[PDB]
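**Student:**
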Amino acid sequence: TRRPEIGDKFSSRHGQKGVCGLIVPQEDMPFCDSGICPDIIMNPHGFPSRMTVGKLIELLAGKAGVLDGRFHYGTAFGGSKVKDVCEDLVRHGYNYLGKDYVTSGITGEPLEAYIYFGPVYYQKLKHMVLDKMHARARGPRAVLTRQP
Amino acid sequence: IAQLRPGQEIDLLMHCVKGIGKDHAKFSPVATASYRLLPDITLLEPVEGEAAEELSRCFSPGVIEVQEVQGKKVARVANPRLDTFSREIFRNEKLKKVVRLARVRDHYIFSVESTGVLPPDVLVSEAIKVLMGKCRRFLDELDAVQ
Amino acid sequence: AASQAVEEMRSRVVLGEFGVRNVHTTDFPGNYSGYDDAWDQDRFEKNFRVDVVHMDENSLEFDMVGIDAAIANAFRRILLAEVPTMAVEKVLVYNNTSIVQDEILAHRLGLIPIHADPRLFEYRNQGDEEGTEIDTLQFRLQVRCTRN
Amino acid sequence: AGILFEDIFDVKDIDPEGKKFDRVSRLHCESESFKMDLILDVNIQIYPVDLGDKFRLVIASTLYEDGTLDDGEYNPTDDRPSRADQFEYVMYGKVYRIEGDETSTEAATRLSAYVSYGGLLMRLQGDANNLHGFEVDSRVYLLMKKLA
Amino acid sequence: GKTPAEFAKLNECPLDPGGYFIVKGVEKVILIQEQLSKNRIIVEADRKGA
Amino acid sequence: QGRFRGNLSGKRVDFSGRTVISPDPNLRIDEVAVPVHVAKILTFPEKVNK
Amino acid sequence: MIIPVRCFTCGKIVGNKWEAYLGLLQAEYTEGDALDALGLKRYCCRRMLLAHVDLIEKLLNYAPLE
Amino acid sequence: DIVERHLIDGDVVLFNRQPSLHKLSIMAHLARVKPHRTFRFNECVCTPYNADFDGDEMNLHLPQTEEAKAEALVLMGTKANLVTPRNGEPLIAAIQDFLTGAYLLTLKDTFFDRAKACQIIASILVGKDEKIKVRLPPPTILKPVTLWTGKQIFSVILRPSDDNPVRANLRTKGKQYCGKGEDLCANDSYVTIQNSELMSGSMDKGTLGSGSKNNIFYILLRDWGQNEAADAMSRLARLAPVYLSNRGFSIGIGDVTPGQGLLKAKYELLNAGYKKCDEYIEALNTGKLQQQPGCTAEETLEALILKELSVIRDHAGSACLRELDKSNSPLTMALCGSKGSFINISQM
Amino acid sequence: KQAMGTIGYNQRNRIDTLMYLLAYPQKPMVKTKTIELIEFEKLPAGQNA
Amino acid sequence: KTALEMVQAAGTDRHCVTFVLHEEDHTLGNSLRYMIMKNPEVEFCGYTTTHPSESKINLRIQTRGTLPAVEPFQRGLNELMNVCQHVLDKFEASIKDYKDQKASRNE
RNA sequence: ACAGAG
Ligand SMILES: [Zn+2]
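Protein chains in written order, with PDB author numbering: chain A, 888 to 1035; chain W, 199 to 344; chain C, 2 to 149; chain R, 2 to 149; chain L, 149 to 198; chain G, 349 to 398; chain D, 1 to 66; chain F, 448 to 795; chain X, 691 to 739; chain Y, 24 to 130.
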């Protein structure tokens, strides 16, 4: 049984692959007004030079589909539109673009910009660091060339 | 916990101990504990008639009421606590200049949802005795050095 | 009025369309001209009050007028991560034969809450693998599955 | 005294190139007594300035009116009578660039002085007999109160 | 031709697609090859330009 | 994989390590965080003197 | 494989709501009504029941039995 | 006798990434043992190795002789290889979230009170700077409130105490410099550092980042030694996440949505370009086309269509940037040059 | 092709050289029709974060 | 076993000192910074965690005149303990008041 | 001999 740690590669189902860098407690997370503090904080610098808007719509569609028990389709060349998931968030009291008012968790004072909450389907990849760490001081050598 | 088929058996022996929540998250006494500030929606200009109907749908369903004084609907704030701040008054172009959405800084609304270990009146009473018990620990490390 | 803007700067957290302004906490001595923001115990003990607005089993909602963010956040963090409870840390397995693994069964039994009051017990010392009357409990799960 | 410059100024513009920011405007003013134009960045959140206002701008080398140059660290807390008790807006920066005027090929007297209030700028451009005492790397208080 | 409750007596998934062999214990797949069409006049250039 | 490219000009060395990397800005720009499992293996001959 | 005991984001006990969730889908509810009748307010608790696959009911069919 | 001790804090160890293009693909660092299972280094060194932290592996080589230690520490040090040997441009410099965070710190809108200024400045007091007196600078605004503009808080990085002999001087253009201001520009984009106090202008990539010269760390490297340019990068990598993770900086689908000012210009520009391309198609197929010199009749048409279809992209992308508000996230990340460009905003 | 998940319904009676499983898999929240056509959401690979 | 360690500045006699509070986090550090900054004899006060593996905070205090920086630290601890005492008393009074006023309804 | 990873 392996538990995730610093060095385990996660994915994003859009090509925004990434290793873990830091594991913070629940108390040091930012949090909403409802008490939801996120699992996986993601850097917003991946998006301009890679132009994944599909993650920005998967997040919003999943958020508008968990509040009323649907599975919004993300079918290629079609699917659930943006104008139909913006109206399911306002009906349940959230913002129409996902951006939420966030009180921070270290200082206790609210953040200036709004932060963009929603569920994204992250998958765990097989490249773990416990099967890639490796260190040789001196050991067995080859027979023909006396080198490791 | 598990789910069995005939011929399969589970026998074990658990050992509960005492631990803080910083160690592992199975010691956290609350489901989630959080807070928010208290809103004070204020009306800078009077919103009367049919514009008070497109104001009381740009908020939570119990905060803005519409009442009549002369057979004409005028809107006032009624209970600004219940708002969740979806900020739908900024999609409405005519009504951005008649509100000032804000938060009162020195007024917090806590929410403590216990998991069933002990009721949440004692949880907050225990949480203050720990912050009282952190300031007592370093007062006895100034008196021991000096 | 400029004094109206100074008063709104230190008493309200406004929410604009694009960002939340006046996020920080400013009432410290020296930050304002005519005001006195040094520590005064009588003014804090006069302005503070607690209003309990909802309570039943396993829920509580109340107010704290007068405290600042750096103490309400401290209370939230002590509730999340520094109030102790009772939970399973050892599982001693005799004949697990099911399809649920042993580590997953130990994990699922780790998360079940226990009704024991944690003010009566004490911490188990470093080591001390047996456990005594003072600092542990002991449950026993035994389920055998047959036919009807 | 310690006054370097003192004149009454009338505002003639607020934002020539649009409102680039939220808290800072760009006052383009012009004197009555002498012939001085004046670029000035103020903080319009704490101190709002309209389009037809008329203020009295004093630039001083020190804030204590006897002429005492004792300034190694400014204490914000102490209440001792200074020059600032007659004004409404005080800044503190450093003169960093004295510049000749390239709008005349010969026989000119216009000298520009640049003061930077830690990112808030001020060009004070006029005749070279009025700007006496502005040296490079000197630190000056701006002082400013509106009139009727 | 089997029902999903009869894959249980063979220890096999209803969703395992198939198309693969079993040789000495391992699962081996003959992959799809991609070849040019035979009996067709290819009119092409030489290295020297002809 | 001959002698002159495989065993003479570049050859397999010891006292080495290879692990996945991860960011940390709390170190200086001339530091590197070696794990404990690699630091227990990679040793250095420290000659004894006064 | 089986329903997890706690929600991952906040920590509400979810893993006893599953047999009630399927029982309220036996009585012809929509899922948005069953998740409100179980008391799940926040959406992180709602995705624990809304997105869960029950693999143990179909892994136990291949398990050895007398 | 020879004791073969474990690797401990302060040893010189080499550090390698496997495709080794130039000589800064292998440098020597000072190891410091930490319990988790990765190699870890400051993100200012992601530019020489070209690593990206996405399942990326790197090699390690511990020297075994004292002479191999001294040839690795003096020749192959990170503080002695801050510039590339190619043209002399700095490579170890700021990267993303240290350019965006320092850009938003040095804008003119940010005004800190005494508590948050002390809190942001107090983050750098770890390392070899735990012993210094912090030298909080005097406040800008005094009478109505007491405020610190963020350029002072950034200038703490260049001179964090009264005994540091650093005097940095820099005077260059920004990125969004309008061409006619020279320290009075409307964009506030003309950098002036005088005696290590930031006097005017925000901090772009071309002042803190790994691009080219007029870098303030390159100014410290050429004027005040190697160590003073390497202490300031640690202060920046320490200070900018503390401000950025407590300001808040997010992106969203409302940061790339087109408003009403674009969905009317796009339609007219597409119609104009499509009608001119249809006219050139009709003028090629059924008669006279005024042939460009040096090409055939069809290669002339290609130049006119690639002219007209590049008018639609440029006049449609200069119509989205006029309706984006400030504090847009890709617009901020394109003005400071950290990640992205204007073509990416105008393309998505 | 490398995400951890579940192989099939016989993933426990199976002895392979190497097999990676996930503890609590969840089916996706935003899904293509191809997912319904190849029955991916009967045995998924990933968790909603 | 020692949870407090005073590291003074190299050039100043006891009015610039970096308190190292072992086995703590942002919790005590933020509240103690808030109660030290309400003292008008303190010019600078702010904490930083050293490294997230290590549970420490470097609380730096610099006073204005000649007083040592042990006195605002101790006054911050005492005033924070008094604030928590009064909060506990008011909260217990309000819990007993709600439990008493609901016990007189529906009876 | 093949598949991966950067
Ligand atoms: Zn939850």
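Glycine is no exception: its CB is placed at the ideal position from the N, C-alpha and C atoms.
Is there contact between the region 515 to 530 of chain F and the region 450 to 470 of chain F, where contact requires at least three CB pairs shorter than 8 Å?
**Tutor:** With a cut-off of 8 Å, the region 450 to 470 of chain F and the region 515 to 530 of chain F count as touching, because enough Cβ pairs lie within range.
**Student:** Determine whether the Cβ of C:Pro-30 lies closer than 7 Å to any Cβ atom of chain Y.
**Tutor:** By this cut-off, C:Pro-30 is an interface position.
**Student:** Taking only beta-carbon positions, decide if G:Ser-357 is within less than 7 Å of chain A.
**Tutor:** For G:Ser-357, the answer is no, since every Cβ of chain A falls outside 7 Å of its Cβ.
**Student:** Give me the chain X residues within the contact set of D:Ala-51, using Cβ-Cβ distance strictly less than 7 Å, ordered along the chain.
**Tutor:** Within 7 Å Cβ-Cβ: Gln-716, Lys-717, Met-719, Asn-738.
**Student:** Given 6 Å as the limit, tell me if A:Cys-973 has its C-beta closer than that to any heavy atom belonging to ligand 1.
**Tutor:** No, since every heavy atom of ligand 1 falls outside the 6 Å radius drawn around the Cβ of A:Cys-973.
**Student:** Does DSSP put C:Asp-52 in a helix, in a strand, or in coil?
**Tutor:** If DSSP states are grouped into helix, strand and coil, C:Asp-52 belongs with the strands.
**Student:** May I ask which residues mark the beginning and end of the alpha helix (DSSP H) holding Y:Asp-120?
**Tutor:** Note, Y:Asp-120: alpha helix (DSSP H), 94 to 126.
**Student:** Around the C-beta of F:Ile-449, are 16 or more other C-beta atoms found within 10 angstroms, so that it is buried, or is it exposed?
**Tutor:** Exposed: under 16 other Cβ atoms inside 10 Å.
**Student:** Closer than 6 Å between the C-beta and any heavy atom of ligand 1: which residues qualify, listed along the chain?
**Tutor:** This selection yields D:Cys-7, D:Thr-9, D:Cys-10, D:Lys-12, D:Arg-42, D:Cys-44, D:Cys-45.
**Student:** Helix, strand or coil, according to DSSP, for F:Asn-662 in the structure here?
**Tutor:** Reduced to three states, the DSSP call for F:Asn-662 is coil.
**Student:** Indicate the three-state DSSP secondary structure (helix, strand or coil) for C:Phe-76 in the structure shown.
**Tutor:** Of the three classes helix, strand and coil, the one that applies to C:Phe-76 here is helix, per DSSP.
**Student:** Buried or exposed: C:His-116, going by 16 or more other Cβ atoms within 10 Å of its Cβ?
**Tutor:** It is exposed - the Cβ of C:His-116 has fewer than 16 other Cβ atoms within 10 Å.
**Student:** Since Y:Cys-39 is in the beta strand (DSSP E), which residue starts that stretch and which ends it?
**Tutor:** Note, Y:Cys-39: beta strand (DSSP E), 39 to 44.
**Student:** Can you tell which of F:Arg-618, F:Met-505, F:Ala-478, F:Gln-673 has the C-alpha that lies nearest to the C-alpha of A:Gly-894?
**Tutor:** For the residues F:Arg-618, F:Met-505, F:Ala-478, F:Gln-673, the minimum Cα distance to A:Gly-894 belongs to F:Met-505.
**Student:** Since W:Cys-214 is in the beta strand (DSSP E), which residue starts that stretch and which ends it?
**Tutor:** Taken as a continuous stretch (DSSP letters only), the beta strand (DSSP E) holding W:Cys-214 covers 212 to 217.
**Student:** Does the CB of R:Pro-77 have a neighbour CB from chain C at under 7 Å?
**Tutor:** Yes, R:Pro-77 lies at the interface with chain C (some Cβ there is under 7 Å from its Cβ).
**Student:** Using 7 Å as the limit for Cβ to Cβ distance, is C:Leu-81 near chain A?
**Tutor:** Closer than 7 Å: yes.
**Student:** So F:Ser-774 contacts chain C; which residues on that side make the cut at Cβ distance below 8 Å?
**Tutor:** Those are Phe-19, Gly-20, listed as they occur along chain C.
**Student:** Is the distance from the Cβ of Y:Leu-100 to the Cβ of W:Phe-336 below 7 Å?
**Tutor:** Yes; because the gap between Cβ atoms is below 7 Å, this pair is in contact.
**Student:** Given a cut-off of 7 Å, decide if C:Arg-125 and C:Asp-118 are closer than it, judged by their beta-carbon atoms.
**Tutor:** No. Outside cutoff.
**Student:** Hey, could you find the ends of the beta strand (DSSP E) R:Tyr-115 is sitting in?
**Tutor:** Counting along the chain, the beta strand (DSSP E) containing R:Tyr-115 begins and ends at 111 to 117.
**Student:** Do three or more CB pairs link the region 291 to 306 of chain W to the region 221 to 238 of chain W at distances below 8 Å?
**Tutor:** These segments touch.
**Student:** Contact criterion: CB-CB distance below 7 Å. Does Y:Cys-107 meet it with respect to chain W?
**Tutor:** Yes, Y:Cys-107 counts as interfacial toward chain W.
**Student:** Just checking: is the beta-carbon of F:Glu-514 within a distance shorter than 7 Å of some beta-carbon in chain G?
**Tutor:** It does not: the Cβ of F:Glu-514 has no partner Cβ on chain G nearer than 7 Å.
**Student:** Within its chain, find whatever has a CB closer than 6 Å to the CB of R:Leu-122; leave out the 5 residues flanking it on each side and keep chain order.
**Tutor:** So the list reads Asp-42, once near-sequence residues are dropped.
**Student:** Can you tell me whether DSSP reads F:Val-758 as helix, strand or coil?
**Tutor:** Three-state DSSP puts F:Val-758 in a helix.
**Student:** Hey, is the region 543 to 558 of chain F in contact with the region 674 to 689 of chain F, meaning 3+ C-beta pairs nearer than 8 Å?
**Tutor:** Contact holds: three or more Cβ-Cβ distances are below 8 Å.
**Student:** From the DSSP output, in three-state form, read off F:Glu-745 for me.
**Tutor:** In this structure, F:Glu-745 counts as helix in the three-state DSSP scheme.
**Student:** Who are W:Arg-298's beta bridge partners in DSSP?
**Tutor:** Paired residues: W:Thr-240.
**Student:** Relative to the C-alpha of R:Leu-52, which candidate in R:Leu-143, R:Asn-44, R:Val-96, R:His-29 has its C-alpha closest?
**Tutor:** Of the listed residues, the one whose Cα sits closest to R:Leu-52 is R:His-29.
**Student:** State the DSSP-derived secondary structure class of C:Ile-105, mapped to helix, strand or coil.
**Tutor:** Reduced to three states, the DSSP call for C:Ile-105 is helix.
**Student:** Below 8 Å on the Cβ atoms is my guess for C:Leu-80 versus W:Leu-316; work out the distance and round it to an integer in Å.
**Tutor:** C:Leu-80 to W:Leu-316, Cβ: 12 Å. No contact.
**Student:** Note down the Cα distance separating Y:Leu-55 from Y:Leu-103, rounded to an integer number of angstroms.
**Tutor:** Each residue's alpha carbon lies about 7 Å from the other.
**Student:** Note down the Cα distance separating F:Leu-538 from F:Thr-494, rounded to an integer number of angstroms.
**Tutor:** Their Cα atoms are separated by approximately 6 Å.
**Student:** Assuming A:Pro-931 and F:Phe-789 make a contact with CB atoms under 8 Å, what is their CB distance in whole Å?
**Tutor:** Not quite, the Cβ-Cβ distance comes to about 17 Å (not below 8 Å), so this is no contact.
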